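Sharing a structure here in structure tokens format.
Cβ: placed from backbone, ideal geometry, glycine included. Neighbour counts: every protein chain shown. Coordinate-derived values only; no laboratory data.
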Amino acid sequence: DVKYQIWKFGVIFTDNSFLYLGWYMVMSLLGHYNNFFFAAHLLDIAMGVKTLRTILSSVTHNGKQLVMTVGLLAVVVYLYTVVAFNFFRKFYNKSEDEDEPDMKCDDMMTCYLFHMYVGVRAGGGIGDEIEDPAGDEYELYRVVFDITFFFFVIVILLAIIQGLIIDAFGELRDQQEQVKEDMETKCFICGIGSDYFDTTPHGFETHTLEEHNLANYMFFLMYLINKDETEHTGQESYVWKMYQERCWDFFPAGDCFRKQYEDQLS
Amino acid sequence: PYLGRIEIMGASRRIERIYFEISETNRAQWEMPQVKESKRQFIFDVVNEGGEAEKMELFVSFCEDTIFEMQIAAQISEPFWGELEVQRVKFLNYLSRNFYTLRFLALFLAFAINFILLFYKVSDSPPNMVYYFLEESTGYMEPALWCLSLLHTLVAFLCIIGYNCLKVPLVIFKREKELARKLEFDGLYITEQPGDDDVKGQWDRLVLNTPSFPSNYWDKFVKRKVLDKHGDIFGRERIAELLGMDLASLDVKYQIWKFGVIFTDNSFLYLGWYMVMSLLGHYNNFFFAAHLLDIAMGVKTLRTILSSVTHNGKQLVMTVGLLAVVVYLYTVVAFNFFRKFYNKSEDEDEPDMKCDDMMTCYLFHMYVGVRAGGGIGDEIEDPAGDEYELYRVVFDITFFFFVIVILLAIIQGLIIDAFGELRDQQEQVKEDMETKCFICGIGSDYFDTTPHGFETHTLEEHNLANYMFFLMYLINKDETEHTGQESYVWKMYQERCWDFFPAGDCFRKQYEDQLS
Ligand SMILES: Nc1ncnc2[nH]cnc12
Ligand SMILES: Nc1ncnc2[nH]cnc12
Ligand SMILES: [Zn+2]
Ligand SMILES: [Zn+2]
């Protein structure tokens, strides 16, 4: 079937894992051309090691927020660049030579590039990086500029990323705790709380290992699929018909054998 | 489909079910995404900062606001004096319906103008006052900038007009409704007479005698109701002269009051500031670079991230003041003992001591000591080879710990804690909505006795959407056409008594004996 083969090839080519393996092979081939291409395979540890994958998920959890805050940092640095370009052209000079001074804020693009390059990567704002403001009429304006840069651009806008990562670690930990506690406290299939089952000793364990085991439900489903039709019992035919009609009423919800027949079981 | 179900505490003091008809247009207004967002915000706010006593009050207020919003949406939606009036109202409706698209276009224009301005250059010679010129080889970007600035100012003007024609009615309706409630059920201007500490009350005092006081609020009989309620105490003639009513027969002032209200309105003020800076861009183009911060009010994720830091603005101000105080204390300590070291001049002829003056030493500390990564000792003269070695090393180390590490880690801790508290707020509101019924408060554990019990109860029996639809149905339906239960609920609503809302009870709890 040529059409089916074409469709299958399209599906597998769209598949992400197959695409990743194809890229792995392409870089492996290009290593033969330029050996250093084999140094790009070392990042496969991210997809390989489970703990590394979890740690990287801790930061990719808030990738959208990180992009948003980086855009906010770019916006505020551009605003400070405009503020500097309009008033403080003198100070951004990096050339000691008097014959050919190098002013790094005459051009708007150049001043923005200078800010994005060195002002953020400096530990004390831009005032510590560029010409000293003392002995000038704009002393107060420029010290306010430098201090506001230090607070709003370095402290807060590089602590937001750390807060985002810490919060992501926390939210992941609470997700794991919540799923574990929910599994411990409730029956997955029926939803009845464990407090009822703990009336008798080991009641919840017995219920979840003998009565409402999801593994047992899956085994029953595969048993129905494997067993030839017209060989089903009445209950098996009922469940098979429900499955073919895709109606999940047969799954017990809020009820169980003990709840149904406690009058005779007690 | 178009059938609504509710449960009330009827006159027989038992839970009773009421059926009514829901319109297709109203339903479409309900699943409108703007109304969905408003509902989400209302649920979050009430669950997070609302008690059970006033919860029904807040719910009814939100229902009334939503009803007014859908009425305005239906009004503006569309499926020589007369012709010009028709054209004008059509244009106003178009602006009202496309306010959000115009705002997005304004943001795009701001980004485009800023990007074009990113090719600014300075040249002393014409292309000591410098002649500013924009450098580019293509040649069309200057006319592009001029056209973009004109079109952006136009877009801002249409945005303000659309806001005035769309969202101002909500503010006017809310203010008039609150004034009517405080006049009737509280007698704020009859007995209480606020002690000049409520500027809002003083401003609303003007509109009392206006003829068309209930312009948007539906209850036009507020004057008659308050007169009937407070006659025997105040005086019929004095109530009539206070309210402007023609007792014997039983708007410039209103326009001024409305203008004052809209001018006080924060969103209108922000849009006015946007237009002012857009105009001042024509004077000095770099004023268009101040519109780029509109992304904070524009993008939802940016707004949430900025709320994460504005949550503790008071605490951040307090800790910055504490940092200023401690740096001043260290400045005093240095000024009294360590004047030698704060020298930044290598030249021996003219040494520059930066701690002889108290103001100068404080400025030096606030400027460089905090922004240094290793305290002030790494920034100023080395302490070795001196008698004050121990004192100065203790000074530097205490500065490093108390001023740089702790007092710049407090801000990071505050931001992290704010992120955490916001996350727990969202988790708590979601879990409360999942585990309890909003209207009645009965836990979900009872309803999960039968399969899908809680879902059926919250989608058929106690749906807040159904309650809002019933309330708007009562408002729309003409009086003297109400059924007995409808008249009962209407009377309760007019008396502002929320006993009819089921609290801690439901139809299943009431009649399980026959339902089982
Ligand atoms: N029904 C169930 N089967 C297996 N593990 C469970 N954990 C909780 N409920 C369970
Ligand atoms: N009564 C109710 N209506 C709609 N959503 C709900 N979530 C919880 N209770 C609800
Ligand atoms: Zn179970
Ligand atoms: Zn309920």
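For the stretch B:349-485, what's the relative contact order in percent, using C-alpha pairs closer than 8 Å and at least 6 residues apart?
Working: 58 pairs, mean separation 14.8, N = 137.
Once normalised by length, the contact order is 11 percent.
Considering only Cα-Cα distances, which of the following residue pairs are longer than 31 Å: A:241/B:36; B:39/B:477; B:436/B:491; A:64/A:186? Before the final figure, lay out each step's value.
Details: A:241/B:36 40 Å; B:39/B:477 24 Å; B:436/B:491 29 Å; A:64/A:186 34 Å.
Among A:241/B:36; B:39/B:477; B:436/B:491; A:64/A:186, the Cα-Cα distance tops 31 Å for A:241/B:36; A:64/A:186.
I'd like the distance separating the alpha-carbon centroids of the stretch B:212-277 and the stretch A:30-45, in whole Å.
Between the Cα centres of the stretch B:212-277 and the stretch A:30-45 lies a distance of 76 Å.
Taking the convex hull of the Cα atoms, report for the stretch B:260-347 its projected area averaged over all directions, in nm². Mind showing how you got there, number by number?
Working: hull surface 47.8 nm².
Value for the stretch B:260-347: 12.0 nm².
Compute the normalised compactness of the protein assembly as shown: alpha-carbon radius of gyration over 2.2 N^0.38 Å, N being the residue count. Present the calculation step by step, with values, prior to reporting the outcome.
Details: Rg = 35.4 Å, N = 782, 2.2 N^0.38 = 27.7 Å.
Its radius of gyration relative to the 2.2 N^0.38 Å reference: 1.28.
Enter the mean number of other protein chain beta carbons within 10 Å of the beta carbon of each residue in B:354-366, as an integer.
Details: counts 1, 0, 0, 0, 0, 0, 1, 0, 0, 4, 2, 0, 2.
Across the residues of B:354-366, the mean count of other-chain Cβ atoms within 10 Å is 1.
As I understand it, the dipole of the protein assembly as shown uses +1 on the Cβ of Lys and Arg and -1 on the Cβ of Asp and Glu, about the Cα centre. Which of B:362, A:218, A:175 lies farthest toward its positive end?
Of the listed residues, the answer is A:218.
Can you quote the Å³ per residue value for the convex hull of the Cα atoms in the stretch B:309-384, rounded to an integer? Present the calculation step by step, with values, prior to reporting the outcome.
Values: hull volume 8.0 nm³, N = 76.
So the per-residue hull volume is 105 Å³.
I've got another one for you. Which value in Å does the Kirkwood hydrodynamic radius of the stretch B:124-212 take, with 1/r averaged over all unlike C-alpha pairs and then inverted?
Values: mean 1/r = 0.0541 Å⁻¹.
Taking the inverse mean of 1/r over all distinct Cα pairs, the stretch B:124-212 comes out at 18.5 Å.
Before anything else, pin down the relative contact order of the stretch A:117-235: Cα pairs under 8 Å, at least 6 apart, normalised by residue count, whole percent. Numbers along the way, then the final one.
Numbers: 51 pairs, mean separation 15.8, N = 119.
So the answer I get is 13 percent.
If you bin every alpha carbon distance in chain A into 5 Å steps from zero, what whole percent lands in each bin?
Each 5 Å bin holds this share of Cα pairs: 1, 4, 7, 8, 7, 7, 8, 9, 9, 8, 7, 5, 5, 4, 4, 3, 2, 1, 1, 0, 0.
OK, next. Once label points are set 7 Å from the Cα along Cα→Cβ at both residue B:81 and residue A:5, what is their separation, rounded to one decimal in nm?
8.1
Here is a follow-up. Between residue A:141 and residue B:352, take the C-beta separation as r, use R0 = 25 Å, and let me know the FRET efficiency to the nearest 0.05. Show your work: numbers first, answer last.
Numbers: r = 21 Å, r/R0 = 0.84.
Approximately 0.75, to the nearest 0.05.
Quote the Stokes-Einstein diffusion coefficient, in whole µm² s⁻¹, for the stretch A:1-59, based on the Kirkwood radius over alpha carbon pairs, a temperature of 10 °C and a viscosity of 1.306 mPa s. Walk me through the numbers before you get to the answer.
Details: Rh = 13.6 Å.
Stokes-Einstein gives a translational diffusion coefficient of 117 µm²/s.
Two-decimal Rg/Rh of the stretch B:413-469 from alpha-carbon positions, Kirkwood Rh?
1.18
Hey, could you get me the Stokes-Einstein D for the stretch B:387-516, Kirkwood radius over alpha-carbon pairs, 10 °C and 1.306 mPa s, rounded to whole µm² s⁻¹? Before the final figure, lay out each step's value.
Details: Rh = 20.3 Å.
The estimated diffusion coefficient comes to 78 µm²/s.
What is the stretch B:22-130 by shape, rounded, prolate or oblate, if you read a ≥ b ≥ c off the alpha carbon gyration tensor as root eigenvalues and call it rounded for a/c under 1.5, prolate for a/b larger than b/c, and oblate otherwise? Don't skip to the end; give the middle numbers.
On the way: a/c = 3.55, a/b = 1.62, b/c = 2.19.
Oblate, since a/c reaches 1.5 and b/c is not below a/b.
Provide the FRET efficiency to the nearest 0.05 for the residue B:513-residue B:40 pair, computing r from the beta carbons and using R0 = 45 Å.
On the way: r = 38 Å, r/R0 = 0.85.
Efficiency at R0 = 45 Å is approximately 0.70.
Beyond 11 Å, what percent of the Cα pairs of the stretch B:472-516 remain? Display every interim value, and only then the final one.
Details: 717 of 990 pairs.
Result for the distance tail: 72 percent.
Shifting gears a bit: What percent does the relative contact order of chain A come to when contacts are Cα pairs within less than 8 Å and at least six residues apart?
Numbers: 158 pairs, mean separation 30.6, N = 266.
Relative contact order, chain A: 12 percent.
Return the distance in nm (one decimal) between the two label points of a simple spin-label model at residue B:405 and residue A:179, each offset 7 Å from Cα along Cα→Cβ.
3.9
What FRET efficiency comes out for the pair residue A:206/residue B:446, r = Cβ-Cβ distance, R0 = 22 Å, nearest 0.05? Before the final figure, lay out the partial values.
On the way: r = 26 Å, r/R0 = 1.19.
For residue A:206 and residue B:446, the calculated efficiency is 0.25.
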